[PDB]
Amino acid sequence: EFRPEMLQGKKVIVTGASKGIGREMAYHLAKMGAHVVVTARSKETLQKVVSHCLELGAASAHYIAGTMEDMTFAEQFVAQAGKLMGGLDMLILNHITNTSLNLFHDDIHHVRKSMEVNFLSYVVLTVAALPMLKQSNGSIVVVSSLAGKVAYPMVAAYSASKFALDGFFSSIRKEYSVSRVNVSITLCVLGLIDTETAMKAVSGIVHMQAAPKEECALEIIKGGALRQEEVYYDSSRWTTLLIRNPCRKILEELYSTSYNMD
Amino acid sequence: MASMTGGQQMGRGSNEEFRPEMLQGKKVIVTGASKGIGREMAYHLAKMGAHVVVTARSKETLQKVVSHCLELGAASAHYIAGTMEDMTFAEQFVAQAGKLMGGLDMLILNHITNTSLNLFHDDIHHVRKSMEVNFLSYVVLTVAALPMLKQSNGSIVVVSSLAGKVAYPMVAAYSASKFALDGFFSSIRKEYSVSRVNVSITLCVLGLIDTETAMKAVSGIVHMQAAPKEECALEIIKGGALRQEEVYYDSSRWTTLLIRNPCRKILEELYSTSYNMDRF
Ligand SMILES: NC(=O)c1ccc[n+]([C@@H]2O[C@H](COP(=O)([O-])OP(=O)(O)OC[C@H]3O[C@@H](n4cnc5c(N)ncnc54)[C@H](OP(=O)(O)O)[C@@H]3O)[C@@H](O)[C@H]2O)c1
Ligand SMILES: NC(=O)c1ccc[n+]([C@@H]2O[C@H](COP(=O)([O-])OP(=O)(O)OC[C@H]3O[C@@H](n4cnc5c(N)ncnc54)[C@H](OP(=O)(O)O)[C@@H]3O)[C@@H](O)[C@H]2O)c1
Ligand SMILES: O=C(C[C@]1(Cc2ccccc2)[C@H]2C[C@H]3C[C@@H]1C[C@@H](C2)[C@@H]3O)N1CC(O)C1
Ligand SMILES: O=C(C[C@]1(Cc2ccccc2)[C@H]2C[C@H]3C[C@@H]1C[C@@H](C2)[C@@H]3O)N1CC(O)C1
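Read top to bottom, the protein sequences are chains A and B. Per PDB author numbering, the first sequence starts with residue 26, numbered consecutively. Per PDB author numbering, the second sequence starts with residue 10, numbered consecutively.
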């Protein structure tokens, strides 16, 4: 069971926290009395986020503006954010490259960029944060999607990147389990959220029910805090009922007895 | 006699039962076909009387697979050596292979970058390279082959793994890229379905196979049973010919029984009714 005091005085990194779910997570963490370091490209909206964080009761609030396309920036940001907070307890990986609904034809640049920003940078950020998280027995939060579990048209590049996250992060969870690395991996499977970017990108196309960004932000924090393997958050109650793969958990349990690292 | 001949090989029962004659005179591309499953697929296709174009880096090894193919009864056998790290090569290979066969009926995407069992630490170059060769090059190959496959109402075969459906330790980068294939290719299948593009997408979920590379990489680390490369190659070809969405091939009968996700098919069916696509 979750408690807001679980985040009181905790050192947290929030990527893609200029707007949407990221900003709401930073706001929730601020109220809980957590130390926060937010990142995105824009040096204006990150300044307006840090001030609203501080007003809500954050233990310390900071920003480091940059682009997650640059792997050197991602690696340097973690070392710098960790320097201001004197450690790290939670790494929230939320950022994505800008995406719109379109049928796939020949946009390889969008496929590559989607892999670089939505996946590759998450891996770079994890490598750079691992020593600090190992020290605090920290948590890694990976913000994914339903398109990261099931197939949907018009988001082919986006689905690839989100699917990779599942494959990469669930594999290293099984590695941390055997090598006794006390760093939890929380993968968040989200449906449509009422963010300004989402509402504009879905308008006219898919007009499904949109879940609130405020509650979405809280469930992600809850999931990470409790050290849950997976968090499911969507408006449809039929989703929650079918999204889980118990056969997958069984197969993984059956294959774990066939390996030797001894 | 081919100018006085004519008709269709896929009739009633073709949808459910495979025939070797389904590949007779078919134009097929086989990537990563210098050894392992790829070579066995090329060999099976040659016996069926198919036109084949094989690729991998090794100019020397590629030559041998071609010679044995023509001896097996292939309609025409060719090779184009090059690395799948170079996106320009991948794009140029398809145009050249299509030129040598006068079209394309099946695109078999089988190649992967060299990979070993190791816990993940800091090897970002292996993560990037795994995405570039195991996934991103498959997407380039697909873009370049799509016009020809649209012409013949062709098939795309994507060779994946169980580690592309469920999580396993020591193959994090490999598993990331085998998962990306599922996400990208299952999404475009749903796009081809609505836009009435008659090009099938066959994703192959394979367990341990007895290839020379696999046996060397898994010794003393993982002790599961390995399945034969010959039969594995045939089941992949079968699925492409039957236009099956997914092919599952493994030693454990408990795998086949649990690997399927019927809840996923149901959810996809439920979400398809919520989208508007009379645009793009
Ligand atoms: N919204 C939904 O319905 C929904 C559904 C499923 C999954 N999700 C997942 O939820 C997460 C957040 O989504 P959201 O809708 O809340 O986001 P959002 O409102 O679109 O915000 C995206 C954030 O990422 C930043 N960003 C964009 N390009 C960047 C780049 N190149 N480098 C670094 N940061 C970059 C943006 O700031 P700057 O432009 O200033 O850089 C912004 O802070 C994502 O991982 C998304 O996949 C959301
Ligand atoms: N064997 C198994 O247990 C198993 C299990 C599940 C899935 N699979 C999948 O089945 C497929 C075949 O596996 P396999 O074990 O048969 O492989 P294999 O014997 O290692 O053959 C790999 C092939 O890819 C080529 N290749 C490697 N790196 C390349 C590069 N950079 N550019 C272009 N071609 C390259 C190789 O030739 P060159 O080195 O000369 O280029 C060779 O033709 C792969 O997709 C694998 O993931 C296999
Ligand atoms: O993943 C998202 C929302 C999308 C992509 C999508 C995925 C599937 C269906 C429609 C759109 C992402 C990428 C992009 C478009 C959408 C809204 C934002 C997040 C962004 O603008 N969904 C909605 C599913 O229930 C899980
Ligand atoms: O996908 C493969 C085989 C592996 C990777 C692996 C995956 C899982 C467990 C052990 C190894 C790939 C990558 C690399 C090592 C293995 C053998 C070759 C293909 C290659 O040399 N499996 C075996 C599972 O049943 C699905």
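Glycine included, C-beta positions come from ideal geometry on N, C-alpha and C.
Let's see if you can read the secondary structure: which residues bound the alpha helix (DSSP H) around residue i?
i                     : result
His53 (chain A)       : 45 to 56
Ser202 (chain A)      : 181 to 203
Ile245 (chain B)      : 238 to 251
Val75 (chain B)       : 68 to 81
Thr265 (chain B)      : 262 to 268
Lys225 (chain A)      : 221 to 227
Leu276 (chain B)      : 271 to 281
residue 332 (chain B) : Residue 332 (chain B) lies beyond the stretch modelled for chain B, which goes from 10 to 289, so this question has no answer here.
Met157 (chain B)      : 146 to 161
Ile133 (chain B)      : 133 to 140
For a contact defined as C-beta to C-beta under 8 Å, what are the partners of residue i on chain A?
i                : result
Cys272 (chain B) : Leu267, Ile268, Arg269, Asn270
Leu145 (chain B) : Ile133, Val136, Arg137, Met140
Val149 (chain B) : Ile133
Please return the same chain residues whose Cβ sits closer than 8 Å to the Cβ of residue i, not counting the five positions on each side in sequence.
i                     : result
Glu200 (chain B)      : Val206
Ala90 (chain B)       : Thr64, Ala65, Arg66, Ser67, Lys68, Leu71
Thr264 (chain B)      : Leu171, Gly216, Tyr257
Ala223 (chain A)      : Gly45, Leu217, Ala235
residue 291 (chain B) : With chain B represented from 10 up to 289, any question about residue 291 (chain B) goes unanswered, as that position is not in the structure.
Just to make sure I have the definition right: I need the residues of chain B whose C-beta is within less than 7 Å of the C-beta of residue i. Which are they?
i                : result
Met233 (chain A) : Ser283
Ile46 (chain A)  : Simply none; closest approach about 21 Å.
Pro29 (chain A)  : Result: empty, since nearest Cβ-Cβ is about 32 Å, beyond 7 Å.
Can you name, in chain order, every residue of its own chain whose Cβ lies under 7 Å from the Cβ of residue i, other than the five neighbours on each side?
i                : result
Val203 (chain A) : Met286
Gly82 (chain B)  : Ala55, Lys56, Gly58
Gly248 (chain A) : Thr211, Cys213, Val256
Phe102 (chain A) : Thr64, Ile89, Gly91
In chain A, what lies closer than 7 Å to residue i by C-beta?
i                : result
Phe129 (chain B) : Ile197, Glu200
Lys187 (chain B) : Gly192
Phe289 (chain B) : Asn127, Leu128
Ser204 (chain B) : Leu128
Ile275 (chain B) : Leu267
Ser184 (chain B) : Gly192, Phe193, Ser196
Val180 (chain B) : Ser196
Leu279 (chain B) : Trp263
Could you tell me the boundaries of the beta strand (DSSP E) in which residue i lies?
i                : result
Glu255 (chain A) : 255 to 258
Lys36 (chain A)  : 36 to 40
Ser164 (chain B) : 164 to 168
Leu116 (chain B) : 115 to 118
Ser85 (chain A)  : 85 to 88
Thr211 (chain B) : 209 to 215
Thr64 (chain B)  : 60 to 64
Once the 5 residues before and after residue i are set aside, which same chain residues still bring their CB inside 6 Å of it?
i                : result
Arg198 (chain A) : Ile210
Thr220 (chain A) : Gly45, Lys238
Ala235 (chain A) : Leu217, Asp219
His135 (chain B) : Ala182
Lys138 (chain B) : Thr122
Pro178 (chain B) : none
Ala86 (chain B)  : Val61, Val75, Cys78, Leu79
For the putative contact between residue i and residue j, defined by C-beta atoms under 8 Å, what is the C-beta separation to the nearest angstrom?
i                : j                : result
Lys159 (chain B) : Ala172 (chain B) : That belief does not hold up - the Cβ atoms of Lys159 (chain B) and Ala172 (chain B) are roughly 32 Å apart, past 8 Å.
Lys35 (chain B)  : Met115 (chain B) : 6 Å
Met31 (chain A)  : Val62 (chain A)  : Incorrect: roughly 19 Å between the Cβ atoms, too far for contact.
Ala84 (chain A)  : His60 (chain A)  : 4 Å
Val175 (chain B) : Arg273 (chain A) : 5 Å
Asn143 (chain A) : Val208 (chain A) : Not a contact, Cβ separation roughly 21 Å.
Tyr147 (chain B) : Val167 (chain B) : 7 Å
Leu113 (chain B) : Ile38 (chain B)  : 6 Å
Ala104 (chain A) : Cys78 (chain A)  : The pair is not a contact, with the Cβ atoms about 22 Å apart (cut-off 8 Å).
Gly192 (chain A) : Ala242 (chain B) : With a Cβ gap of about 25 Å, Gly192 (chain A) and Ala242 (chain B) do not count as contacting.
Kindly list, in the order they appear in chain A, the residues whose Cβ is closer than 9 Å to that of residue i.
i                : result
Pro237 (chain B) : What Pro237 (chain B) touches in chain A: nothing, since even the nearest Cβ is about 19 Å away.
Which residues of chain B have a Cβ atom closer than 9 Å to the Cβ of residue i, listed in chain order?
i                : result
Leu113 (chain A) : The premise fails here: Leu113 (chain A) is roughly 17 Å from chain B at the closest Cβ pair, so nothing lies under 9 Å.
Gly107 (chain A) : Neighbours of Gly107 (chain A) on chain B: none; closest Cβ ~17 Å, over 9 Å.
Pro156 (chain A) : What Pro156 (chain A) touches in chain B: nothing, since even the nearest Cβ is about 11 Å away.
Can you list the residues of chain B that residue i reaches, using a CB-CB cut of under 8 Å?
i                : result
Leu212 (chain A) : Those do not exist, as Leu212 (chain A) stays about 11 Å from chain B at its closest Cβ, beyond 8 Å.
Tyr258 (chain A) : Near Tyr258 (chain A) there are no residues of chain B at all, since even the closest Cβ is about 15 Å away, more than 8 Å.
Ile230 (chain A) : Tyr284, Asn285, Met286, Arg288
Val166 (chain A) : The premise fails here: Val166 (chain A) is roughly 18 Å from chain B at the closest Cβ pair, so nothing lies under 8 Å.
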